[PDB]
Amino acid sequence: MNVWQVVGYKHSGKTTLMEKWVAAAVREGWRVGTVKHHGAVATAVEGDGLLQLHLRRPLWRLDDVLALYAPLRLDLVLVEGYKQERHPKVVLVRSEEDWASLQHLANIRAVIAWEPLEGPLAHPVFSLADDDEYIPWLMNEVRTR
């Protein structure tokens, strides 16, 4: 599966990125899946092609969720959070301070920030306001799989 992660602290801009990225993928006609980290064991309500499920387990790992997505022939799965996982990721930062604690994550492909960052940077950095540029860039990154 083509899995990508969106990581960042509260109000970093991940909601804006997730929304715009999902919308562009949908417009291209892609089959998209998203995962976000927040007494019957399981409940399900179904109607009109839409299945709603509530499943309980001591602990859900991202891989448990992606295993449930496997059968759905998805072209792209956008994951918000699970920063320890190693899928290619876009890091959203509000400040140099946010970046200092997030720069050591694995497989970072790009940074979208509120302001410019200090020191050297091995990844392209975009302004959160510049989606006209980062969305087409990201879509291309996904396509060139």
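Start at 1 with the first residue shown and count on from there.
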Open item on the list: If I compare the deposited sequence with the modelled residues, how many are absent between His38 and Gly39: none, 1 to 3, 4 to 9, or 10 or more?
Closed with: 10 or more
- [ ] Going by the average Cα B-factor in the PDB entry, point out whether 107-115 or 53-61 comes out higher.
- [x] 53-61
Task: Mean C-alpha B-factor comparison - 15-23 and 120-128, higher one - done: 120-128
Open item on the list: Can you tell me which of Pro88, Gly29, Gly81, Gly47 has the maximum CA B-factor listed in the PDB entry?
Closed with: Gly47
Task: Given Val93, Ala67, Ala42, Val77, the residue at which the Cα B factor reaches its maximum - done: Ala67
Open item on the list: Ranking the modelled residues of this chain by C-alpha B-factor as given in the entry, is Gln5 in the lowest, middle or highest third?
Closed with: lowest
